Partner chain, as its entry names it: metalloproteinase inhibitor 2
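In structure tokens, the next block holds one chain alone, the form solved without the partner chain.
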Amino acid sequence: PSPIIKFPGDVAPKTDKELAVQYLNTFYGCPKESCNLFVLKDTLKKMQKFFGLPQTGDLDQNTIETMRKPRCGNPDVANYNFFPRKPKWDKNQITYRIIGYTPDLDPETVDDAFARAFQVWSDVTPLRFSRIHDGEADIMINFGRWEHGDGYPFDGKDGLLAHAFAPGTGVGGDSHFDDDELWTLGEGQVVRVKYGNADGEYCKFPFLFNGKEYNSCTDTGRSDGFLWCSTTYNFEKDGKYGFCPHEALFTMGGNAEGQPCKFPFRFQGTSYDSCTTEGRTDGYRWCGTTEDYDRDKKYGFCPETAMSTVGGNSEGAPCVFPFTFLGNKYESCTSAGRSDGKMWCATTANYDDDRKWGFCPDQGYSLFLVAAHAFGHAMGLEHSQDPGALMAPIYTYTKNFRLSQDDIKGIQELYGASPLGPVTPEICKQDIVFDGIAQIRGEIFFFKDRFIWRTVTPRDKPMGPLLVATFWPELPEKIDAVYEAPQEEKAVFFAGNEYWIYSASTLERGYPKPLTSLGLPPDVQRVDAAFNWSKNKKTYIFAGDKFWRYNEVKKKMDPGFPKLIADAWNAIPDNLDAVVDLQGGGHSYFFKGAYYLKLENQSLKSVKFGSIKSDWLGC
């Protein structure tokens, strides 16, 4: 089941053309006036060129999927965007001022992310940044909205994340982050607990209380309307919590003694319906705690605000569980009715009766990463075309961030070495050994260290490189093997002693687990090969000089393994790295070093030779 519907007060989506033009207009220069068929193709191609697509004026199923990914606000072409044409700070000791904050994080967390982000650059150069609290700084950092005042409009949630100006005078070096995003540490809403036995810690989302997991703070269980979360998943066992900040419930310092803001509250000539930074330089939100702040002068600060709902019509009201939507009960956010996979929930017990809903918090974007990238702009750097480079336009979450050679190169190209960076694979121009090679949802996927190449047919150049984190962020630095499960069409990734199962970019719940869960002897803590067989549907996991079989139907291994690579296969070298059996052509190819071996399904002598780079990749 799944009927589609339009939700009351939702932002209609932009159609591909509308999207294209905006992308081309925003990042490529094609003027709003010149967009026509001719300009769309040509300019299109320039974008396609930059991102590795085929050069064509047509809007490719991937050309659209690419210009649909959140990215930086800066263009890809012509460093002629309001900064000094000489791309490089003329000093080596730079200052910055945080002018704006975001309500999604506590200042300490926001300050730290920025500093960590500057450190990204101090580490590989002689640039040293210092934070000043008054007057103009080299790099001013703010958070704003659509039109933030320098003439480069942001457009709400997702899409453009931030934009920084090149080193120069006035607006030069200045970094802006879109306030309509939700700034998490990259992995989900970040909230910093307010009081109790977890006063310093972050909420732990999800956390399990009474039978329900919470993915935002709740007043469930409470009587006094206060919000809370635990530090750990198991609240029942660990039992540590604190109150989540919200100025409707309480406020910090000031003279109001923790009481809630009073909304609206008259400040001088204005009535404020939220905290403001008016009257202030530190950028701290604040609010009168009584309706006439002048008359009573009772104020408290609003350092952080826990969110529950974003957009929709409920104005951030919390979800209600269980909630009934189209005659079915939902106890968690779903995408019923939305064709865009975005997750929402009702904010009342019944959507059918009330039609009130809202989007639930998503993974957000790390301010850290986004900052570090924007800050590269501020040092004079420009957009790299290297998928593994921080200064690539598109945003990709990377649990473990490492500045890439390409980045270090440029920053050191502008400034010193310091008082040597990761590199990125090129398939055709270098003979390399893939970590795992396997067909996925009908596409061949070639993995390596931090990147993956993919294709729908082996008689064409391979699409990529692409950082694998943009599909499988929870996966580690390198996989050991890959595979597909015949029953659910799910991807199963191996690495060290764990394995992950995904289904369409969604990390399986319960994953990762130790390989023992697959039914492998505790001795192995690695497996170097994997794949399924169309005839038998039996999954063989190769490690060293032995292999095993997995029953996907029975979810158990088969009668007493392992077997040998030579004892069960005639010509197969042990410690070989990959295996792939494309669907629909009885041939099983086993890869080792840079060159592979084939096989007919009905016979092991069944072979014909070849090599990976030449035979496999259009090279």
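Residue numbers count along the first chain shown, from 1. Only the largest set of C-alpha atoms that superpose within 1.5 Å between the two forms is called the rigid core.
Keep in mind that the form solved in complex with the partner chain is missing from the display, and what follows is about it.
Contact with the partner chain, judged by heavy atoms within 4.5 Å in the deposited complex, is confined among 66 to 74, 52 to 60, 22 to 30, 558 to 566 to 558 to 566. Only one of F205, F235, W121, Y540 lies close to the partner chain in the deposited complex, with a heavy atom inside 4.5 Å, and it is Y540. At a distance of at most 4.5 angstroms from the partner chain in the deposited complex, all three residues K535, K554 and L597 contribute at least one non-hydrogen atom.
Put simply, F547 is close to the partner chain in the deposited complex: some heavy atom of it is within 4.5 Å. Not displayed here, the partner chain is kept clear of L37 by more than 4.5 Å at the level of heavy atoms in the deposited complex.
Proximity of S606 to the partner chain in the deposited complex falls within the 4.5 Å heavy atom cutoff. The partner chain is not shown here, but in the deposited complex it comes within 4.5 Å of a heavy atom of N570. Rigid-core fit between this form and the one not shown: of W183, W286, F177, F494, the one residue whose Cα shifts 2 angstroms or more is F494.
Comparing the forms between this form and the one not shown on their rigid core, the Cα displacement of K329 reaches 2 Å or more. Annotation: Cα of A162 displaced by less than 2 Å between this form and the one not shown, core superposition. The rigid-core alignment places the CA of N74 less than 2 Å apart between this form and the one not shown. A shift of at least 3 angstroms pushes the Cα atoms of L185 and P13 further from each other in the deposited complex than in the displayed structure.
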